[PDB]
Number of protein chains: 2
Amino acid sequence: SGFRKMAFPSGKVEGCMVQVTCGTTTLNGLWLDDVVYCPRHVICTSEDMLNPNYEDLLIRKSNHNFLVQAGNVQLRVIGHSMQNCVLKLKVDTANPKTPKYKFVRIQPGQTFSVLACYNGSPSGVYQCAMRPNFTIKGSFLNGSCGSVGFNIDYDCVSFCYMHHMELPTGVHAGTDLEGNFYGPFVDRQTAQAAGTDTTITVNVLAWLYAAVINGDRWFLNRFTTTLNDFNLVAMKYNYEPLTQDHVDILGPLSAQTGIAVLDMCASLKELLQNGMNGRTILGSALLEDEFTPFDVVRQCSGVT
Amino acid sequence: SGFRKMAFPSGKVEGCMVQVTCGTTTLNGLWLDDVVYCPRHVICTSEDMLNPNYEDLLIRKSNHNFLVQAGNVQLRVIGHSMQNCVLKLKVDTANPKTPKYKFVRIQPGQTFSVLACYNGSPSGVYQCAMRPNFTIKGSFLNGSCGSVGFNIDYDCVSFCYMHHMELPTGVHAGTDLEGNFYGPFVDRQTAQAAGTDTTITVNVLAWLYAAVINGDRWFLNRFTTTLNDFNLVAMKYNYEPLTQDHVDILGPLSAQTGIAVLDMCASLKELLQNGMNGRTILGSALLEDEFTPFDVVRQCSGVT
Ligand SMILES: *CC(=O)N1CCCN(Cc2ccccc2C)CC1
Ligand SMILES: *CC(=O)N1CCCN(Cc2ccccc2C)CC1
C-alpha cells in the first residue's frame, strides 16, 4: 500500500552514459553497441546558438574532435553522422553494458523515467510525462543535455527522450533517439513559447483509481455523467478531452475497483467544480496527471 | 531549472538485490561481500506473525533451508546468525557487484531513496524521508520486505533502511542494516499505532529556498519573525520546532538567495496562517517537507 511517484531502476541506463566533449562544449552521450548518441549542439559555442547552421559547423569537425569518455577510459571515434538533431558517434568498442533496448517515440500523456547526468555521471532519477504541449517538466541544470528518458519492460529499455533545451519559462524540450524534437521546438536560442499545458485527464482518472485502491475515497460521490457532459467540464478546466479509447484503457482499473469509468468521471467533475476543500488525495492537494493507467496497474500489482 | 522529487541512481543497489526463500516465505535480501541481509520474519509463516519467538523458530532452521538466488544462479549458504531483526546469511561467494558502502542509522527528517523489490527483482525507485514518528510513507506491496533505503556519496552507498512492516494505516516501518527498528515498532502482527506525523520544518524552508531559486516567489513577504515567535506558529500547525542548528544548516541557501532564514520563516508563517489561496509552489498545492537542505543544494548545484 501507499502510492509514490516511482521511476524505473536506472542501473541499465547508468551503464550507457558517457561524456562527450567537442572543443570546449561538454554534455552527456548514450553508448549503445558501437554508437554514442548525443545532442548535435555539442559542436556549438553559445556564440553559435543564436542561428547555428549545423551542417556547416559539422564540416569543420573530425572523428578525433569528438572526445568520448566512459568512466576514466577514452573511446576511439571511427565515424560520425548527423541524424536530425542528434550526432551518432561510431566507436571501435561495443558497450559491454548495452542492455536490450529500442528507440520509441512516445505520445503526449505517456510517462517515462529521466536519469539526470553531468559529465556522463548519473546524479538522480525521477518520473516525467510528455506534456500535451510536447514539453516535459524536468529538473535539468547546465551540462544535463544528453540525459535520456526511458521505460523498462522486464529486460528491455525503450529510450524515448534525449534532453536538449530549457525554455525561458523553465520547462524542457528534447528529441526522441532519432533526434526528432517532440513539439515544434528547434535546437536554437530563439523565441519559443510553449502552448497550453492541458491536464492529462485519463492519467488523473487512473490516479483517482490508485487513490480508491489505497483507501483515499472521500471524493467518491453518488453521481454519474456522460463522455459529452464530462468533456464540457474538461474543456472549461483545460483538461484533455476524454475518448472511448481512454475509457477502454481504464477498463482493468474499473474492473478491479468496481467503480464505472463514467462514475469516476463524475467524481473528477465535482473535484474540478468544487476543488479539494483543503483536503488531500494520496498526499497531494491537487490532481496528479503523470501516472498512466499502466503505471497505476504496475505500482498496484508489483511488476519487476 | 525545474525541481523534481529525485532519487539516487539505483544501479549500485540493483547489483546487491537477491531473493531469499525459507520454506514457503520469499522476500528480498541485500548481498554485500559474502553476507546476505534479509528481514528475520523470512523464517515465519503468517501463523507465526501473531507472537513469533524468533530465537526458537531459528533453532529449527539450517544453512540449507535458506535458499538465496542472485538472478538465476543459487548462492551456497555456509552460515547464518540473527542480529536484532535481520538475518545475516554467510555465502561462499563475495558479490562481485558490491559497491563501496556503509550502514548508517539516519535521524528523522533525513531523506533517502528506496529501491522497491519483489523476488530480488527491482521494480521502481522513489525518494523517502524518515518521518518524525519513525515511519516512512513508502509504496510497498506484499513481497517488498527486504527492499532497502540508501544514500549515495560519489561512489559510496550508505544503507539506512530495510523494509519490514506495513502499519494498518498503510504507512511503513523498518530497520537500519543492524536490524534495529526506527521508532517503537516490533516485527509482530499486533496493535501498533503511529505517533503524530509532524511536518519537517527545516525541509519545508529548504524547499521554499528551492522555489525562490527556480522563480516561484509569490509567497515572499515584507515580514520577519524570531525563532521563539515562529515556533509558537510551528506548534499550532504540528510543525517540528526550528532550532539554531536548523538555521545554521539553511545558511548556504540563505547566502545563495540573499533571503535571511528568519525572513523565510516569516514567509512560512504567513503560508501556514493563510494557506496557498489556491496557488502552487514548484507544482505543489501543499508544503513539501521531504527535501533536506542538502537535497536542495544538490539538485540546485548538480552533484554526481
Ligand atoms: C542542457 C545543457 O547541457 N545545456 C544547457 C542548455 C542548452 N545549451 C545549448 C542551447 C542554448 C540555448 C538554446 C538551445 C540550446 C541547445 C547549453 C548546454
Ligand atoms: C513486506 C513483505 O514482503 N511482506 C508483507 C508485510 C510483512 N509480512 C510479515 C508481517 C506481517 C504482519 C506483521 C509483521 C510482519 C513482519 C509478510 C511479508
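## As for the pairing of strand β10 (residues 121-129) of chain A
All names here are of chain A.
Then, number 1: Counting buried positions along β10 gives eight out of nine residues, so the element sits mostly inside the fold.
Then, number 2: Examined bridge by bridge, strand β9 (residues 111-118) and β10 share eight bridges and lie antiparallel to one another. Directly across from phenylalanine 112, in β10, lies its bridge partner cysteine 128.
Then, number 3: From the end of β9 to the start of β10, which pair antiparallel, there are two residues, and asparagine 119 there has a positive phi angle of about 60°.

## Remarks on the site of ligand 1
Residue and element names in this part refer to chain A.
Then, number 1: Looking at ligand 1, the residues that line it are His41, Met49, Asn142, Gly143, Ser144, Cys145, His163, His164, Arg188 and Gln189.
Then, number 2: The separation between an oxygen atom of ligand 1 and a polar main-chain atom of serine 144 is 3.2 Å.
Then, number 3: In this structure, an oxygen atom belonging to ligand 1 sits 3.0 Å away from a main-chain N or O atom of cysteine 145.
Then, number 4: Within the complex, 79% of the 430 Å² of free accessible area of ligand 1 lies under protein.
Then, number 5: Taken together, the residues of the shell around ligand 1 sort by class into two nonpolar, seven polar and one charged.

## Looking at the site of ligand 2
All names here are of chain B.
Then, number 1: Surveying the vicinity of ligand 2 reveals the residues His41, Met49, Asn142, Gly143, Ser144, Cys145, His163, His164, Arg188 and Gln189.
Then, number 2: The backbone of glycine 143 places a nitrogen or oxygen atom 2.8 Å from an oxygen atom of ligand 2.
Then, number 3: At 3.2 Å from an oxygen atom of ligand 2 is found a main-chain nitrogen or oxygen belonging to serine 144.
Then, number 4: Considering ligand 2 on its own, with 440 Å² of exposed area, one finds that the protein chains cover 78% of that surface.
Then, number 5: Across the shell around ligand 2, the residue classes tally to two nonpolar, seven polar and one charged.

## Some details on the nonpolar core
Then, number 1: In this structure, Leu30 of chain A together with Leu30 of chain B are the most contacted members of the largest nonpolar core, which totals 40 residues.
Then, number 2: Here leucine 30 of chain B is in contact with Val13, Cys16, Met17, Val18, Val35, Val36, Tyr37, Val148, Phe159, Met162 and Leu177 of chain B, once residues within four sequence places are set aside.

## Side note on the sheet that holds strand β4 (residues 66-70) of chain A
Residues and elements named next belong to chain A.
Then, number 1: Across the sheet, which stays open at both edges, the seven strands sit in the order β5-β4-β1-β2-β3-β7-β6 with antiparallel pairing between neighbours. The open sheet has two edge strands, β5 (73-75) and β6 (77-83), and neither has a second partner. For this sheet the average axis-to-axis angle between neighbouring strands, irrespective of direction, equals 30°.
Then, number 2: The sheet contact formed by strand β2 (residues 25-32) and strand β3 (residues 35-39) spans three bridges and is antiparallel. Bridge pairing in β3 links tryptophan 31 to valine 36.

## Let's talk about the relation of the copies chain A and chain B
Then, number 1: Once chain A is rotated about the relating axis by 180° and shifted along it by 0.0 Å, it coincides with chain B to within an RMSD of 0.0 Å. Taken together, the rotation angle and the small translation identify this as a two-fold axis. For chain A, the minimum C-alpha distance to the rotation axis belongs to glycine 11 of chain A and amounts to 1.7 Å.
Then, number 2: Comparing interface residues between copies, 100% of those in chain A also lie at the interface in chain B; the contact surface is shared.

## Looking at the pairing of strand β3 (residues 35-39) of chain B
Then, number 1: Counting buried positions over the five residues of β3 of chain B gives five, a clear majority of the element.
Then, number 2: The turn linking strand β2 (residues 25-32) of chain B back onto β3 of chain B is made up of two residues, and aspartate 33 of chain B within it adopts a positive phi angle of 55°.

## Here's the deal with the interface of chain A and chain B
Often, the extent of an interface is quoted as the loss of accessible area upon association of its parts.
Then, number 1: Across the contact, 42 residues belong to chain A and 42 residues belong to chain B.
Then, number 2: Summed over the three residues of chain A that lose the most area to chain B, namely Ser1, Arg4 and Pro9 of chain A, the buried surface amounts to 23% of that side.
Then, number 3: The tally of links between chain A and chain B comes to two salt bridges.
Then, number 4: Seen at the junction of chain A and chain B, the total is 23 residue pairs in polar contact.

## Description of the packing of aromatic side chains
For any pair of aromatic rings, the description consists of the separation of the ring centres together with the inter-plane angle of the planes.
Then, number 1: Applying the stated criterion across every chain yields a total of 18 aromatic pairs over all chains.
Then, number 2: Here the aromatic residues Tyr37, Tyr101, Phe103 and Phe159 of chain A are joined through ring pairs into a cluster of three or more.
Then, number 3: The cationic tip of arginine 279 of chain B hangs over the ring face of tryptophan 218 of chain B; the distance from NZ or CZ to the ring centre is 4.4 Å.

## Overview of the packing of helix α3 (residues 201-213) of chain B against helix α7 (residues 261-274) of chain B
A pair of packed helices is characterised by two quantities: the angle between their axes and the separation of those axes.
All names here are of chain B.
Then, number 1: Closest axis-to-axis distance for the α3/α7 pair is 10 Å, and the angle between their directions is 100°. The angle between α3 and α7 falls in the class roughly perpendicular. Only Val261, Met264, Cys265, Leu268 and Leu271 of α7 make contact with α3, whose side of the interface consists of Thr201, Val204, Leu205, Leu208, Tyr209 and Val212.

## With respect to the sheet that holds strand β5 (residues 73-75) of chain B
Residues and elements named next belong to chain B.
Then, number 1: Strands sit in the order β5-β4-β1-β2-β3-β7-β6 across an open sheet of seven strands; the sheet is antiparallel. Bordering the open sheet on either side are β5 and β6 (77-83), each of which pairs with just one other strand. Across the sheet, the axes of successive neighbouring strands diverge by a mean angle of 30°, strand direction being ignored.

## Brief notes about the domain arrangement of chain A
Residue and element names in this part refer to chain A.
Then, number 1: If you check the domain split of chain A, you get domain 1 (1-14 + 100-197), domain 2 (15-99) and domain 3 (198-301).
Then, number 2: Taken over C-alpha atoms, the centre of domain 1 sits 19 Å from the centre of domain 2.
Then, number 3: Between domain 1 and domain 2, the residue contacts involve 35 residues of the former and 28 residues of the latter.
Then, number 4: Looking only at domain 1, the three residues that lose the most surface to domain 2 are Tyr101, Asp187 and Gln189, adding up to 23% of its buried area.
Then, number 5: Where domain 1 meets domain 2, there are one salt bridge.
Then, number 6: Between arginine 40 and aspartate 187 there is a salt bridge, and its shortest N-O distance comes to 2.7 Å.
Then, number 7: At the level of elements, α1 (11-14), β8 (100-103), β9, β10 and β12 (156-166) are the ones that each hand at least two residues to the side of domain 1 that touches domain 2.
Then, number 8: Among the elements that make up the side of domain 1 that touches domain 2, the one with the highest residue count is β12 (five residues).

Procedures and definitions
Residues numbered from 1 in each chain as written, not as in the entry; some residues may be left out. Chains lettered and ligands numbered in written order. Heavy atoms only, no water. Buried < 20%, exposed > 50% of the residue type's maximum accessible area, 1.4 Å probe, protein only. Helix = DSSP H or I, 4+ residues; strand = E, 2+ residues; numbered from the N terminus. Pairing = 2+ DSSP bridges. Near = heavy atom within 4 Å. Polar contact = N/O pair within 3.5 Å; in protein donor to acceptor, adjacent residues only side chain to side chain. Areas by Shrake-Rupley, 256 points an atom, 1.4 Å probe, with all protein chains shown as cover. Nonpolar A, V, L, I, M, F, W, Y, C, P; charged D, E, K, R; others polar. Core = buried A, V, L, I, M, F, W, Y, C linked by side-chain atoms within 4.5 Å. Contact = heavy atoms within 4.5 Å. Axes fitted to C-alpha atoms, helices over the stretch in contact; angles between N-to-C directions. Least-squares fit on C-alpha atoms. Buried area = accessible area lost by both parts, 1.4 Å probe. Salt bridge = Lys/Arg side-chain N within 4 Å of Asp/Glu carboxyl O. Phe/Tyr/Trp six-rings, centres within 6.5 Å; stacked < 30°, edge-to-face > 60°. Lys NZ or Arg CZ within 6 Å of the ring centre and 35° of its normal. Parallel < 35°, antiparallel > 145°, perpendicular 65-115°, else oblique. Domains from an automatic or database assignment.

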